[PDB]
Amino acid sequence: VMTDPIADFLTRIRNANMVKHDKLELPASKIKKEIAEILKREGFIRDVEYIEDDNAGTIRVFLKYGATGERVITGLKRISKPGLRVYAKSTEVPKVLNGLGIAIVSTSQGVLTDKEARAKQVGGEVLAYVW
Amino acid sequence: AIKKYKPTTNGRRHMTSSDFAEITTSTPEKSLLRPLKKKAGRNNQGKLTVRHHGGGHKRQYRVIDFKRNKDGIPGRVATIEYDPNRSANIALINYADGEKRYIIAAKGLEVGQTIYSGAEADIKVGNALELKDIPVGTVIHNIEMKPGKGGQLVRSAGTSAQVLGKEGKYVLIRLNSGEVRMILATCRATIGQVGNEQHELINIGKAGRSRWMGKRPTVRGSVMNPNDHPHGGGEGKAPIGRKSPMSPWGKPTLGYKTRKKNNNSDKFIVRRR
Amino acid sequence: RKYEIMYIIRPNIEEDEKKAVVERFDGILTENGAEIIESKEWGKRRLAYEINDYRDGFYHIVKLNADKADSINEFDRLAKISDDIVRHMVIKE
Amino acid sequence: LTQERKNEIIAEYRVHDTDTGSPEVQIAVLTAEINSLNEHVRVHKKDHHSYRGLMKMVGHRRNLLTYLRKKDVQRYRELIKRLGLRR
Amino acid sequence: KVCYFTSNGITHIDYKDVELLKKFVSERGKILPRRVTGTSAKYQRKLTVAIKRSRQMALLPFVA
RNA sequence: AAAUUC
RNA sequence: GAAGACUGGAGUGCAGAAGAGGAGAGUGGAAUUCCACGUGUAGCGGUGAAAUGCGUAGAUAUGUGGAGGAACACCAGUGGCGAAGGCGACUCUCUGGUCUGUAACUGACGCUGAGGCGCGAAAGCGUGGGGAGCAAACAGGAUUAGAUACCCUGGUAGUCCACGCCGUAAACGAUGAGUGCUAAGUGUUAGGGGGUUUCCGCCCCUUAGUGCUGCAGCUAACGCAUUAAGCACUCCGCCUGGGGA
Ligand SMILES: [Mg+2]
Ligand SMILES: [Mg+2]
Ligand SMILES: [Mg+2]
Ligand SMILES: [Mg+2]
Ligand SMILES: [Mg+2]
Ligand SMILES: [Mg+2]
Ligand SMILES: [Mg+2]
Ligand SMILES: [Mg+2]
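Residues numbered from 1 in each chain as written, not as in the entry; some residues may be left out. Chains lettered and ligands numbered in written order. Part of a larger assembly, values for the part shown. Heavy atoms only, no water. Residues with missing side-chain atoms left out of burial classes, pairs and counts.

- The deposited coordinates derive from cryo-EM, with the record listing a resolution of 3.3 Å.

- Per the PDB header, the title for this entry is "Cryo-EM structure of the ratcheted Listeria innocua 70S ribosome in complex with p/E-tRNA (structure II-A)".
- Turning to chain D, the UniProt annotation filed under Subunit (unreviewed entry) states: "Part of the 30S ribosomal subunit. Forms a bridge to the 50S subunit in the 70S ribosome, contacting the 23S rRNA."
- According to the UniProt record, the Sequence similarities (unreviewed entry) comment for chain D is "Belongs to the universal ribosomal protein uS15 family." (UniProt positions renumbered as here; feature names shortened; annotations may be inferred.)

- Per UniProt, chain C has the following entry under Sequence similarities (unreviewed entry): "Belongs to the bacterial ribosomal protein bS6 family."

What follows is the structure, encoded as structure tokens:
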């Protein structure tokens with residue numbers, strides 16, 4: 001969290017995915033909140049709980065695996081990096097893995113996945129890819 | 001230390017001189033001054049015997065205690081002065097007796113220190129003791145060769161001797177040139193090295209500065225005439241066309257020993273330089 | 001700060017003189033900026049090696065309270081000059 | 001600096017009774033140490049290792065100054081005069 | 001094994017206790033290593049400084 | 001002891 | 001961007017710990033060399049063999065004392081400290097940094113950092129001291145077909161100290177700085193905490209260093225593997241066939 005607490009957040013998911021862990025916790029923030037809720041809407045996360053603390057609270061995330069020991073979140077990549085910010089126009093929002101994946105966009109009407117941002121015709125900074 | 005000179009003119013290009021950081025006063029005691037007259041190497045009969053002398057800045061002799069027989073009376077250093085007759089600075093001492101006299105300034109001696117001498121003095125710079133009482137190995141100066149005559153062996157600037165061992169009635173000594181010698185144990189000496197140790201690093205840098213000090217030009221021999229020097233003559237430049245280089249009076253002058261072969265004092269010299 | 005002194009006096013000193021140097025040596029410490037807590041002597045003690053032509057000697061132990069620290073340096077200067085004390089060491093406490 | 005010397009300094013710069021890390025109290029002490037060390041580094045000029053510690057302190061003094069100069073310009077323009085520094 | 005200092009309750013050091021210090025010096029006067037005397041690692045430095053400072057003031061021989 | 005080249 | 005709020009980052013306070021960190025002055029003991037004096041006789045030294053060398057002006061050896069210089073036996077330990085070069089005798093004076101515990105205080109005061117400024121082994125240079133060993137150059141004896149070398153006897157600059165330059169190295173962990181995350185096992189350095197436990201001693205928890213063995217992962221391979229060369233973010237330096245260079 002030295003510079004980018006979203007790039008770190010994605011990494012903390014990927015590291016614990018590789019070693020087949022089950023739960024993981026990390027300090028909470030308003031932007032970290034819904035980015036963790038979106039992943040619940042597509043089953044990428046088993047469930048999420050919030051914790052209230054003295055400094056800012058933390059967020060506990062229950063990662064999900066399919067039976068037969070197959071991972072569900074197979075990777076994450078960041079696009080808006082603090083060293084180089086990227087913005088995408090409405091018609092030029094990409095599709096990840098021909099629509100199998102999901103992307104996160106911080107449009108003008110709250111953080112939104114591009115399934116409906118293209119349906120709502122808005123663009124904004126592109127936060128991450130998930131696939 | 002040494003005061004170098006910026007290269008203003010060609011005569012000042014290399015000249016260096018001492019800065020006199022140590023001389024305290026510049027007014028000699030008027031009661032210890034005796035006149036001198038230059039002699040320019042002129043003989044008893046008015047002839048010129050030792051050449052290349054005479055014709056310098058005038059000076060004034062200033063009496064110096066080379067005996068230090070005033071025993072047991074505390075003496076105090078009053079100043080360190082400049083003396084033109086020698087290569088070392090000198091110091092003015094006023095004993096509690098009220099008398100004043102000059103002594104040679106040994107290295108490390110500074111104004112305020114108190115000097116004793118005799119047969120009960122301690123071992124410190126400036127104290128005068130017989131070689132009988134001097135512990136072996138110490139560094140001394142101003143030795144003397146006959147009991148009671150006065151200091152005569154080590155006197156120039158920044159030089160020292162070393163008591164090397166006692167052999168009964170005599171005492172072994174290593175002199176400055178490196179010649180180990182034997183002298184009577186009732187003679188005297190002064191502990192410590194002589195003061196002005198940097199006197200030998202000075203560039204004269206000018207002919208005029210040579211002549212300010214009572215020195216006159218030296219002419220080589222190869223440019224003289226055949227009747228004037230065993231080398232003079234020959235057309236053009238000529239080498240030393242002789243068996244050996246010669247002084248203006250025969251008597252070869254390079255590698256030729258000239259000590260008297262039948263001297264009385266061979267048995268007091270353990271080894272030469 | 002806290003200091004401590006321990007010096008050695010030649011055995012060939014008659015007890016009249018050996019009781020005088022202690023007043024002299026302890027004189028400087030009180031004279032300059034320091035205060036002495038006590039001055040005790042162990043007594044005669046054999047030396048593990050012949051420091052000088054000697055073989056035996058006397059021992060002493062002194063405690064101080066000083067702040068300007070110049071008293072110790074004055075004690076150091078007189079120690080080497082004197083011909084009585086052969087070895088002396090200063091330890092901080 | 002002794003511990004007791006510092007507690008004399010801090011009592012002359014605190015805002016309320018027990019603050020100990022406000023920029024002005026934090027810089028009042030460091031300036032005293034910097035002045036103290038320079039008089040101890042202008043005698044022994046070959047102590048290169050210890051001289052570096054002086055550079056860190058003046059580096060840590062300057063960073064706090066720009067804090068005041070962007071937080072309260074009036075306060076900073078006042079502190080210098082009392083402390084006798086420059087810009 | 002077992003450090004005497006770490007066990008026998010002796011915590012401080014004074015360079016006057018020559019008799020106690022003599023247990024840690026060899027026959028020829030050398031300092032024993034750690035592997036034979038069993039002293040703790042920390043007190044070894046306390047002991048090593050103690051002997052040397054005494055060894056200067058004639059309480060123990062340099063070479064015996 | 002040292003003791004090269006194809 | 002503006003205004004305001006918060007304490008984890010960063011820093012101060014408070015209580016402790018260890019340290020060949022540094023500058024200056026003073027001091028110590030073994031040992032090589034030299035000098036002086038006793039005892040005593042023909043050799044001592046050196047190599048693969050030998051010779052040069054030193055000795056009957058009396059050597060080598062041996063006892064007593066004096067002088068000078070340089071480095072610090074044991075402790076000593078993939079131990080400590082420092083940003084890197086580097087730092088071992090002892091004492092004192094003047095100084096720098098680091099770690100643990102507390103939650104008293106400030107409230108993002110942070111990280112990197114082109115140009116710029118400093119420090120930088122050894123050799124080398126200038127001025128000046130000093131000079132015990134060792135030792136470029138060089139001389140002598142050897143070796144060999146030749147031996148400007150390796151071997152042997154000497155030996156100048158130097159090695160050391162003060163002031164001023166040089167600014168380089170396999171200056172190497174051949175691994176830029178900062179931050180977070182990802183199985184274990186076992187040593188060792190300085191700490192804190194608990195259990196057992198009258199103590200001592202044993203067991204357990206934790207922080208910061210320092211070694212080794214090893215999963216997931218990486219790599220071309222060797223190997224790295226919580227002290228990453230694994231998974232990520234910020235900033236800096238550098239590379240684009242070999243020679244020419
Ligand atoms: Mg002449
Ligand atoms: Mg002519
Ligand atoms: Mg001709
Ligand atoms: Mg001729
Ligand atoms: Mg630069
Ligand atoms: Mg050098
Ligand atoms: Mg040789
Ligand atoms: Mg560790």
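**Brief notes about the overall build of chain C**
Alright, step 1. Along its length, chain C carries two helices and four strands.
Alright, step 2. From first element to last, N terminus to C terminus, chain C shows the α and β order β-α-β-β-α-β.
Alright, step 3. A compact globule built from 93 residues would reach a C-alpha radius of gyration of about 12 Å, and chain C, at 13 Å, matches this within 12%.
Alright, step 4. When its C-alpha atoms are laid out on the principal axes, chain C stretches across 35 × 25 × 25 Å.
Alright, step 5. Restricting to contacts in chain C with at least 6 residues of sequence separation, those with at least 24 account for 70%. (Helix = DSSP H or I, 4+ residues; strand = E, 2+ residues; numbered from the N terminus. Rg over C-alpha atoms; globule rule 2.2 N^0.38 Å. Contact = heavy atoms within 4.5 Å.)

**Considering unusual backbone geometry**
Alright, step 1. Positive phi is not limited to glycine here, since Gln121(A) has a value of about 55 degrees.
Alright, step 2. With respect to the helices and strands, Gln121(A) occurs in the loop between helix 3 (114-120) and strand 10 (124-130).

**A word on the arrangement of the chains**
Alright, step 1. There is a clear gap between chain A and chain C: no contact, and 46 Å between their nearest C-alpha atoms.
Alright, step 2. Considering only C-alpha positions, the minimal separation of the non-contacting chain A and chain E is 39 Å.

**Here's the deal with the environment of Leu59(E)**
Alright, step 1. Structurally, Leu59(E) is set in the segment after helix 4 (41-56).
Alright, step 2. Spatially, the C-alpha atom of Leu59(E) lies 21 Å from that of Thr11(E), the residues being 48 residues apart in sequence.

**A closer look at the sheet that holds strand 1 (residues 2-9) of chain C**
Residues and elements named next belong to chain C.
Alright, step 1. Read across the open sheet, the four strands follow the order 2-3-1-4; overall the sheet is antiparallel. Each edge of the sheet is formed by a strand with only one pairing partner; in this case those strands are strand 2 (34-46) and strand 4 (85-92). With strand direction ignored, the average angle separating the axes of adjacent strands in the sheet is 15 degrees.
Alright, step 2. In the sheet, strand 1 pairs with strand 4 via six bridges, with the strands oriented antiparallel. Paired with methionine 6 across the two strands is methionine 89, which belongs to strand 4. (Pairing = 2+ DSSP bridges. Axes fitted to C-alpha atoms, helices over the stretch in contact; angles between N-to-C directions.)

**So, the packing of aromatic side chains**
Alright, step 1. Here the aromatic rings of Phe20(B) and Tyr82(B) are separated by 5.8 Å at their centres, their planes lie at 90 degrees, and the arrangement is edge-to-face. Note that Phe20(B) is positioned in the loop between strand 2 (16-18) and strand 3 (33-34) and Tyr82(B) in the loop between strand 5 (75-81) and strand 6 (90-95), a separation of 62 residues in sequence.
Alright, step 2. With a centroid separation of 5.7 Å and 25 degrees between ring planes, the pair formed by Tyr170(B) and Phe268(B) is classed as stacked. Separated by 98 residues along the polypeptide, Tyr170(B) in strand 12 (residues 170-174) and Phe268(B) in the loop between strand 16 (250-252) and strand 17 (269-271) bring together distant segments of the chain.
Alright, step 3. It is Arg12(B) that lies over the ring of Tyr5(B); its NZ or CZ is 4.6 Å from the centre.
Alright, step 4. Over the aromatic face of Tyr43(E) sits the side chain of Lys42(E), whose NZ or CZ is 5.2 Å from the ring centroid. (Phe/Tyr/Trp six-rings, centres within 6.5 Å; stacked < 30°, edge-to-face > 60°. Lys NZ or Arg CZ within 6 Å of the ring centre and 35° of its normal.)

**As for the packing of helix 2 (residues 23-41) of chain D against helix 3 (residues 48-71) of chain D**
Residues and elements named next belong to chain D.
Alright, step 1. Relative to each other, helix 2 and helix 3 sit at 150 degrees, their axes nearing to 10 Å. Put simply, helix 2 runs roughly antiparallel to helix 3. As for the relative orientation of helix 2 and helix 3, their crossing is left-handed in sense. Along the contact surface, helix 2 presents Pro23, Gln26, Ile27, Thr31, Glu33 and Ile34, while helix 3 presents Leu54, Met57, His60, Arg61, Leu64, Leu65, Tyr67 and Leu68. (Parallel < 35°, antiparallel > 145°, perpendicular 65-115°, else oblique. Left-handed = near helix turned anticlockwise from the far one by under 90°.)

**Quick word on the pairing of strand 2 (residues 45-51) of chain A**
Alright, step 1. Here six bridges tie strand 2 of chain A to strand 3 (residues 58-63) of chain A, and the two strands are oriented antiparallel to one another. Looking across to strand 3 of chain A, one finds that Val48(A) is bridged to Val61(A).

**Considering the pattern of salt bridges**
For side chains bearing opposite charge, pairing can occur when the charged atoms are close.
Residue and element names in this part refer to chain B.
Alright, step 1. Measuring nitrogen to oxygen at the nearest pair gives 3.6 Å for the salt bridge that ties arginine 188 to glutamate 130. Residue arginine 188 is located in strand 14 (residues 188-191), and its partner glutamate 130 is located in strand 9 (residues 128-130); the two are separated by 58 residues in the primary sequence.
Alright, step 2. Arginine 259 serves as the salt-bridge partner of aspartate 266, at 2.6 Å between the closest nitrogen and oxygen.
Alright, step 3. In the salt-bridge network here, residues are joined through shared partners; they are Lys70, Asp97 and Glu99. (Salt bridge = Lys/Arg side-chain N within 4 Å of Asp/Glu carboxyl O.)

**Let's talk about the interface of chain C and chain E**
Alright, step 1. Listed as interface residues are 14 residues of chain C and, on the opposing side, 11 residues of chain E.
Alright, step 2. Those elements giving two or more residues to the side of chain C that touches chain E turn out to be strand 1, strand 2 and strand 4 of chain C.
Alright, step 3. Among the elements that line the side of chain C that touches chain E, the one with the most residues is strand 4 of chain C, at four residues.
Alright, step 4. When grouped by side-chain class, the residues that make up the side of chain C that touches chain E number 10 nonpolar, one polar and three charged. (Nonpolar A, V, L, I, M, F, W, Y, C, P; charged D, E, K, R; others polar.)

**Here we look at the packing of helix 2 of chain D against helix 4 (residues 73-83) of chain D**
Between two packed helices, the angle of one axis relative to the other and the distance separating the axes together describe the packing.
All names here are of chain D.
Alright, step 1. Across the interface, helix 2 lies against helix 4 with an axial gap of 12 Å and an inter-helix angle of 25 degrees. Of the possible angle classes, the one that applies to helix 2 and helix 4 is roughly parallel. Classified by chirality, the crossing of helix 4 by helix 2 is right-handed. Residues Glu24, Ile27, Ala28 and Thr31 of helix 2 form the contact with helix 4, whose participating residues are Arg75, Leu79, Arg82 and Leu83.
Alright, step 2. Partitioned by chemical class, the residues of the contact of helix 2 with helix 4 number four nonpolar, one polar and three charged.

**Side note on the sheet that holds strand 10 (residues 139-141) of chain B**
Residue and element names in this part refer to chain B.
Alright, step 1. Reading across the sheet, the seven strands line up as 9-14-10-11-12-13-17 and stay open at both edges, with antiparallel pairing between neighbours. Two strands bound the open sheet, and with one partner strand each, they are strand 9 and strand 17. Sheet twist, expressed as the average angle between the axes of neighbouring strands with direction ignored, equals 45 degrees.

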